[PDB]
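Trainee: in the first instance, please consider these chains from the complex; the rest will follow:
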Amino acid sequence: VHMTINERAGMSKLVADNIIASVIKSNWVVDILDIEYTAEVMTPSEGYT
């Protein structure tokens, strides 16, 4: 399932855990469109922080 979450609002937290657990155990690809995020491209030397 290529689930497309246009808006996370109103979602049960248990439903959220279920969707992620679907991503893991059924290989779902879920596309959360609500999110805004900055990104930093870390070098291999420094690793994630």
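Mentor: Arrived safely. Numbers count the residues shown, from 1 in each chain, chains lettered A, B, ... in the order given.
Trainee: in stretch A:12-22, what's buried?
Mentor: residue A:19 (16 or more other C-beta atoms under 10 Å). Bear in mind the C-beta positions are built from the backbone N, C-alpha and C, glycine included.
Trainee: hey, C-alpha coordinates of it in PDB?
Mentor: Extracted in PDB, the C-alpha atoms of stretch A:12-22 (Å, rounded to 0.1, in the frame of the first residue of the first chain):
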ATOM      1  CA  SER A  12      -5.600   7.800  16.600                       C
ATOM      2  CA  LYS A  13      -2.100   7.200  17.900                       C
ATOM      3  CA  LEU A  14      -2.700   3.500  17.800                       C
ATOM      4  CA  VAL A  15      -3.600   3.900  14.100                       C
ATOM      5  CA  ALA A  16      -0.300   5.600  13.600                       C
ATOM      6  CA  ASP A  17       1.600   2.800  15.300                       C
ATOM      7  CA  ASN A  18      -0.400   0.400  13.100                       C
ATOM      8  CA  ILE A  19       0.500   2.300   9.900                       C
ATOM      9  CA  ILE A  20       4.200   2.300  10.800                       C
ATOM     10  CA  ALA A  21       4.000  -1.300  11.700                       C
ATOM     11  CA  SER A  22       2.500  -1.900   8.300                       C
END
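Trainee: now for chain B, put it on the one above:
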Amino acid sequence: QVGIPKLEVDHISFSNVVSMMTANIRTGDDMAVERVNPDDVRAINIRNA
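Mentor: Below, chain B sits with the chains from the block before:
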């Protein structure tokens, strides 16, 4: 002939078939829910009935 209903006639009758639950109805697993609020009050749609 079919049997006359006990309420239909004036006789008192001291043995009767009473239906009953086999054990207590109030098991104690009362229902509980995940209320989740609207994200932004301005965005709420009052409209449409």
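Trainee: all helices for the chain, in order.
Mentor: Just so you know, I chose chain A. Assigned by DSSP state H, chain A shows helices spanning A:13-25.
Trainee: which bits of it sit near chain B?
Mentor: A:9, A:10, A:11, A:12, A:13, A:14 (C-beta under 8 Å from any C-beta of the partner chain).
Trainee: ok, so of those, who is nearest residue B:41?
Mentor: residue A:9 (12.2 Å; C-beta to C-beta).
Trainee: number of nearby residues for the nearest residue to residue A:23 once chain neighbours are set aside?
Mentor: Leaving aside its sequence neighbours, residue A:23 sits nearest to residue A:30 (C-beta to C-beta, 6 or more residues apart in numbering or on different chains; 5.7 Å). Residue A:30 is flanked by 14 other residues according to other C-beta atoms under 10 Å in any protein chain shown.
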